[PDB]
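Inspection log for the structure reproduced underneath, given as structure tokens.
Bear in mind that the values in this text are calculations on the coordinates, not laboratory data. Here Cβ is always computed from backbone atoms with ideal geometry, including for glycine, and neighbour counts include all displayed protein chains.
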Amino acid sequence: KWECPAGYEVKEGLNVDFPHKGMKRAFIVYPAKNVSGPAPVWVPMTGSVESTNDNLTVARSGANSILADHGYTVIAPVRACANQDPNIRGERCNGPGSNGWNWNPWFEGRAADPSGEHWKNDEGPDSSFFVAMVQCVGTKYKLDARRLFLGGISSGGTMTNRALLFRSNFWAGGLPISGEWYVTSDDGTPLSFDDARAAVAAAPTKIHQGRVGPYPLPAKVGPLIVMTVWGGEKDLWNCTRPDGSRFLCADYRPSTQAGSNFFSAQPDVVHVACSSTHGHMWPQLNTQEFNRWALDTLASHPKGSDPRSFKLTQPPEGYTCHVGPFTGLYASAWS
């Protein structure tokens, strides 16, 4: 299952012109340190505005590349809209998607109009690119097939949710940090930002369909561990209109709740709901302790492990986590 497009030579560092579905893609590889044998894999994804390079090396953005020093082979995809440039920030990426896609940074959700119909049933080019990427790197570095994890922030977090829903038989788990769910009605009807938000508030513990994934969502997914993170009361995102003004267009309380609801109900999935107070950005409090804790937590549940034997350890100061759905975002019915 390890293979590269014929003639592709994978290398440490930046890899460009990787052929996938008629596209030329790029990604950066940081081989694990202090490891004998197959290494667990971390696939970090930036959001709408930070570059992949920022995500990988700027402290306040997560400095994800450092996990290679923590013993993970890090394989970082560059967003399609960045045209293979790991330094592109919001240029041509931070805005509405095209061709049926809701948001441009990653092919992470179907658009609200009929042009998104097709993606109800098709993973999209990022989800499949990520699998081929990891399969290709593994012909050159020893990767632990039971510990392929991906994760990201904001749009990268929405892409993580999507990837998990369409490829739950590949990834061992993931870390969607303030990712959307794009809640829709049970019949798949896209809902406005306001209605999507009201729909979860009216039924905070139910399973909500969403444009982030297959429609209808899958009845059963492969074995996984998923850790969804909510950045508290200010974890919200305001879009920027062409005239440069801003308006609220995403609230992560309902989307983190909705994902925790779907994943917690799955029998072969361990779901950890984590809350912090840093807002909408990469976890800011004790950032590296958090990255280390989060990934080693994911790694403690190799693919196919029994959810009953999972044991959560305490997170760094500034984080509240527990197994199961979020319970602190909305009042319980028992009032």
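For the chain, the Cβ-based charge dipole about the Cα centre amounts to some 540 debye (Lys, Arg positive; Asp, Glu negative; other atoms uncharged). Across 146, 241, 79, mean-square fluctuation computed from a Gaussian network of the chain (C-alpha pairs under 10 Å connected) peaks at 241.
Here the Karplus curve 6.51 cos²θ - 1.76 cosθ + 1.60, taken at θ = phi - 60°, turns the phi angles of region 179-186 into couplings of x, 7, 10, 6, 3, 10, 6, 4 Hz, with x standing for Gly and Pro. Each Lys or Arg adds one and each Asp or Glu takes one away; over the other residues whose Cβ falls under 13 Å from the Cβ of residue 55, this sums to +1. Taking each residue as 0.36 nm, the span from residue 327 to residue 206 lengthens on full extension beyond its C-alpha to C-alpha distance by 42.3 nm.
Highest mean packing comes first when the peptides 223-231, 157-165 are listed by Cβ atoms within 10 Å, giving 157-165, 223-231. Report the net charge of residues surrounding residue 222, where surrounding means a beta-carbon distance below 9 angstrom and charges are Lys +1, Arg +1, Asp -1, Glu -1. Taking every other residue near residue 222 into account, the sum is +2.
Other residues lying with their Cβ under 11 Å from the Cβ of residue 275 contribute a combined charge of -1, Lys and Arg counting +1, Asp and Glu -1.
Please compute the length gained on full extension between residue 60 and residue 284, using 0.36 nm multiplied by the number of residues separating them and subtracting their Cα-Cα distance.
Result for the pair: 80.0 nm of gain on full extension.
The spacing between region 147-180 and region 204-228, judged by their C-alpha centroids, is 11 Å. In the elastic network of the chain, a GNM with C-alpha springs shorter than 10 Å, the most mobile of 110, 197, 147 is 197. Of the residues 334, 97, 165, the one whose Cα sits farthest towards the positive end of the charge dipole of the chain is 165 (charges of +1 on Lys and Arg Cβ, -1 on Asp and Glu Cβ, taken about the Cα centre). Once you reduce region 21-49 and region 244-295 to the center of their Cα atoms, the two points are 21 Å from each other.
Sorted by packing (mean other beta-carbon atoms within 10 Å per residue), highest first, where do 315-322, 70-77, 137-144 land?
Those peptides, ordered most packed to least, come out 70-77, 137-144, 315-322.
When a/c reaches 1.5 or more, the comparison of a/b and b/c decides; with that in mind, is region 151-244 rounded, prolate or oblate per its Cα gyration tensor? It is oblate, given that a/c is not under 1.5 and a/b is not larger than b/c. Calculated mean residue ellipticity, 222 nm, the chain: -6000 deg cm²/dmol, from DSSP H runs (n ≥ 4) at -39500 (n - 2.57) each, averaged per residue and rounded to 500. Taking a ≥ b ≥ c as the square roots of the eigenvalues of the Cα gyration tensor, the chain is rounded, since a/c falls below 1.5.
Can you tell me what share of the DSSP beta bridges in the chain is antiparallel? A percent to the nearest 5 is fine. Display every interim value, and only then the final one.
Working: 23 of 46 bridges.
Here the share of antiparallel DSSP bridges comes out near 50 percent.
Once the Cα-Cα distance is subtracted from the 0.36 nm per residue extended length, the residue 296 to residue 6 segment shows a gain of 101.0 nm. Comparing 27, 193, 263 in a Gaussian network model of the chain (Cα springs below 10 Å), the most mobile by mean-square fluctuation is 193.
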